[PDB]
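> Chains as they are written, first to last, in PDB author numbering: chain A, 6 to 104; chain C, 6 to 104; chain D, 6 to 104; chain B, 6 to 104.
Yeah, the Cβ is synthetic: ideal placement off N, Cα and C, and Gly gets one too.
4 protein chains.
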Amino acid sequence: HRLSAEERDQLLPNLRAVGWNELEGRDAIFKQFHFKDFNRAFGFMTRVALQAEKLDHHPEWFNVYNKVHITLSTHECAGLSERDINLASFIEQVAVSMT
Amino acid sequence: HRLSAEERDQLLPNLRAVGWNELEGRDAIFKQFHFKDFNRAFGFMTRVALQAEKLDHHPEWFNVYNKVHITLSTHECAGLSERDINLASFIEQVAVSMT
Amino acid sequence: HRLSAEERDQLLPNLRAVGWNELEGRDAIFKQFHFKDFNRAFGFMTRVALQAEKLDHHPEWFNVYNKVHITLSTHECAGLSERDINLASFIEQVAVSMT
Amino acid sequence: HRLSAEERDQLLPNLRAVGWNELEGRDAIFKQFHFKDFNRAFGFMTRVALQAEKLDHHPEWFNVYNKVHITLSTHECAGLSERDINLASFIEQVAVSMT
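Okay, structure coming up:
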C-alpha cells in the first residue's frame, strides 16, 4: 500500500514525466489539467468519476471552466498508494481523449 | 428550415461519408456509434448532452453497453434541419476523440 | 441467477406495484419514465450510470427529451437475474429524487 | 451587471437564508454542500453543469467525495451579476431534491 520508497520511486516517473508532482506537506500527487472548453473539462471529469466509483477511490478536484486540478492520496493508508497510481494512469489516459 | 434538396444535397454527404443516413420511414438520419466500454459511451453522451442543452437541440438515442444509436430530425419541421445538421457534426467530433 | 418461481413471485410483485411492467418477448422487466425536462432526464441517467458501472450491470435505455425507458435483464443468464431486480430499485429510488 | 445596494437587499437575502455567504475579498457568494455519497453529488454536479452550459455562467467548485463547495462571481462585473443570483437559485432547485 502506502507507497514504499522502493516502490514509489519506480512507479512515480511516467507520472512525473507528464506533470504529476509530489505535494510538500502531504503524501499526495497533484496536477492541473487545462482543457479547451467546458464540454471537454466536464466530458473529462465524467469518465473519471464514472471510474472513481468503479474503484471506490475518489479524487480531490476543482474545475472552473476548462481547468481541473486533481489531488490523489489514500485515506485508508493516509498516503499515496498504488491505488491512485492506477487511477492517475487512467486520469491521464482520459485527458488524452480531449481536444 | 426544413431542408430542400439543393440543401440536403449540399449538406448531407460529408456526414454520409461518415456513416449517417436517412431513415426509410421518415425524414431523419440514424447512425450507430460503438465504443470500447460503457465508460466511453457515457462520457460521449455527457459531451453531447451538454451540447444538446446548450443549443437546445436533442437526440433520440439509445445505448446498451458500449453501443449508442443516434437518430436526428427536427420536430417542428417534421424533418431534417440545420440543427440536426449542426448536431451531427458535433457528435461526429466528440466521437473521434473516443478512439 | 435466472430468478425462479417464489423468487419472482415474491420479488417482481413489488416492482410491477410501481409500474415496472413486464416485457413481451424477452425475460425482462421494463420501465419508462417521464421527466419534466432533459435537465432531469439526464441528471438521472448519469446517477444510474455511476451505478450500472459500480456493479457492472447496465440498462438498455432509450431517451428522447424528458422520457427514459428502461429494459433490464442479465444476458449472461440471458434473462431475469437478481442483477436486474436490485438495480431496478436503485433506479426507482433515483426517479423519486426528481419525479 | 453589477448588483447595486438595492438589488442585493432584495435579491440576496433568501439565498442568504439557506446558506449562501459573501466572501471578503472579491465580490462573490459561497456555499459548502454535503450529500450522502458521490453518486448523489455528481448526480447534482451534472444538472448543474447541464445548466451552466445552457446559460454560459459556470460555477467555481470543489468536490471531495460528497462535499461540494460552490462559488459564483461574474467575470465582467467583477462581482454578482443577475446570472449568479439565479444560478445559485437553480443550484438550490437542484440541491433539495438530492438531499
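Anything in chain D within Cβ reach of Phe35/C, meaning under 8 Å, just list it in chain order.
The sequence position of residue 35/C within the second sequence is 30, counting from 1. Chain D residues near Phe35/C: none, gap ~13 Å exceeds 8 Å.
> For my contact list, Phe40/D and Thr104/D are in at a C-beta cut-off of 8 Å; report their separation, rounded to the angstrom.
Position 35 of the third sequence, counted from the first residue, corresponds to residue 40/D. Position 99 of the third sequence, counted from the first residue, corresponds to residue 104/D. Between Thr104/D and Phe40/D the Cβ distance is about 7 Å, and since that is below 8 Å, they are a contact.
> What does the Cβ neighbour count give for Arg45/D, buried or exposed, with the cut at 16 atoms within 10 Å?
The residue labelled residue 45/D in the question sits at position 40 within the third sequence. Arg45/D should be labelled buried.
> Just the Cα atoms here: how many angstroms apart are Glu65/C and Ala100/D?
Position 60 of the second sequence, counted from the first residue, corresponds to residue 65/C. Position 95 of the third sequence, counted from the first residue, corresponds to residue 100/D. The straight-line gap from Cα to Cα measures roughly 20 Å.
> How long is the line joining the alpha carbons of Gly48/D and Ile75/C, rounded to whole angstroms?
The residue labelled residue 48/D in the question sits at position 43 within the third sequence. The residue labelled residue 75/C in the question sits at position 70 within the second sequence. Taking the straight line joining both Cα atoms gives about 19 Å.
> Which residues in the same chain as residue 2/A place their Cβ atom closer than 7 Å to its Cβ, once the five residues preceding and following it in sequence are excluded?
The structure shown has nothing for residue 2/A, since chain A only spans 6 to 104.
> With contact counted as at least three CB pairs below 8 Å, one residue from each stretch, are the stretch 50-60 of chain A and the stretch 15-27 of chain A in contact?
no
> Would you say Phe38/D lies against chain B (beta-carbon separation less than 8 Å)?
Mapped onto the third sequence, residue 38/D falls at position 33. For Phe38/D, the answer is no, since every Cβ of chain B falls outside 8 Å of its Cβ.
> Specify, as a first and last residue, the run of the alpha helix (DSSP H) that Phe95/D falls within.
Start at 1 with the first residue of the third sequence, and residue 95/D comes out as number 90. It spans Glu87 to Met103 - the alpha helix (DSSP H) in which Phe95/D sits, taken as one unbroken run.
> From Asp32/A to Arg7/A, what distance separates their C-alpha atoms?
Position 27 of the first sequence, counted from the start, is the residue given in the question as residue 32/A. Position 2 of the first sequence, counted from the start, is the residue given in the question as residue 7/A. Taking the straight line joining both Cα atoms gives about 9 Å.
> Against chain A, does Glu58/B count as a neighbour if the rule is that its beta carbon must be under 8 Å from one of theirs?
Taking the fourth sequence and counting its residues from 1, the one referred to as residue 58/B is at position 53. So yes, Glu58/B belongs to the interface.
> Per DSSP, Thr76/A is paired with what?
Counting from 1 along the first sequence, the entry for residue 76/A is found at position 71. Answer is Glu65/A, bridged to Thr76/A.
> State buried or exposed for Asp89/D, treating a residue as buried only when at least 16 other CB atoms are found within 10 Å of its CB.
Looking up residue 89/D in the third sequence gives position 84. It counts as buried.
> Roughly how many angstroms lie between the CA atoms of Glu11/A and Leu85/A, to the nearest whole one?
Taking the first residue of the first sequence as 1, we reach residue 11/A at position 6. Taking the first residue of the first sequence as 1, we reach residue 85/A at position 80. Between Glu11/A and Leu85/A, the C-alpha separation is close to 13 Å.
> Just to make sure I have the definition right: I need the residues of chain B whose C-beta is within less than 9 Å of the C-beta of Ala46/C. Which are they?
Along the second sequence, one-based indexing puts residue 46/C at 41. None at all; the shortest Cβ gap to chain B is about 16 Å.
> Could you name the residues of the same chain whose beta carbon sits closer than 8 Å to that of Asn71/D, not counting the 5 residues immediately before and after it, in chain order?
One-based indexing of the third sequence puts residue 71/D at position 66. Within the same chain, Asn71/D has close Cβ partners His39, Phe40, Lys41, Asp42, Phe43, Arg45 and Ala46.
> Quick check on this structure: which residue in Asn68/D, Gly30/D, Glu29/D and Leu77/D has the alpha carbon closest to the alpha carbon of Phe95/D?
As a working mapping, residue 95/D is identified with position 90 in the third sequence. Residue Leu77/D is the option with its Cα nearest to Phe95/D.
> Where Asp61/B and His80/D are concerned, what is the direct C-alpha to C-alpha distance, given to the nearest angstrom?
Walking along the fourth sequence from the start, residue 61/B turns up at place 56. Walking along the third sequence from the start, residue 80/D turns up at place 75. So the two alpha carbons sit approximately 42 Å from each other.
> Can you confirm whether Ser94/D, when its beta carbon is compared against all beta carbons of chain B, has any partner nearer than 8 Å?
As a first step, residue 94/D must be located in the third sequence, where it is residue number 89. Not closer than 8 Å to any Cβ of chain B, the Cβ of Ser94/D fails to qualify, so no.
> Using the beta-carbon of each residue, which ones in chain A are nearer than 7 Å to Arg13/C?
Counted from its first residue, the second sequence places residue 13/C at position 8. In chain order: nothing, as chain A lies at least about 28 Å away.
> Within 10 angstroms of its Cβ, does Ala93/C collect 16 or more other Cβ (buried), or is it exposed?
Within the second sequence, residue 93/C is the residue found at index 88, counting from 1. Buried.
> Just the C-alpha distance for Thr51/D and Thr51/B, rounded to the nearest angstrom, thanks.
As a working mapping, residue 51/D is identified with position 46 in the third sequence. As a working mapping, residue 51/B is identified with position 46 in the fourth sequence. The straight-line gap from Cα to Cα measures roughly 8 Å.
> Provide the residue span of the beta strand (DSSP E) that contains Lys36/A, from first to last.
Locating residue 36/A in the first sequence gives position 31, where the first residue counts as 1. Per DSSP, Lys36/A belongs to no beta strand (DSSP E) and is neither H nor E.
> Assuming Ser102/D and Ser102/B are in contact, meaning their beta carbons sit under 8 Å apart, how far apart are those beta carbons, in whole angstroms?
Translated into positions along the third sequence, residue 102/D becomes position 97. Translated into positions along the fourth sequence, residue 102/B becomes position 97. About 5 Å; that satisfies the 8 Å criterion.
> Cβ closer than 7 Å: which chain C residues qualify as neighbours of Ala54/D?
Here the question's residue 54/D lines up with position 49 in the third sequence. Those within 7 Å of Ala54/D in chain C are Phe47.
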